[PDB]
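Residue numbers (the entry's author numbering): 1 to 32.
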């Protein structure tokens with residue numbers, strides 16, 4: 001479910017590598 005603090009937040013950190021700037025409008029719109 002939707003929630004991130006001192007637990008469920010420890011995860012989501014996984015989608016990062018896939019949730020990074022890899023969105024739609026901001027997908028490769030900056031150096032790095």
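Note that CB positions come from ideal geometry on N, CA and C, so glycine has one too.
- Query: Nearest-angstrom Cα distance between residue 26 and residue 17?
  - Reply: 15 Å
- Message: Cutting at 8 Å between CB atoms, please list the residues of its own chain near residue 30, excluding the five before and the five after it.
- Response: 21
- Item | residue 2 to residue 8 span [Cα, whole Å] | 9 Å
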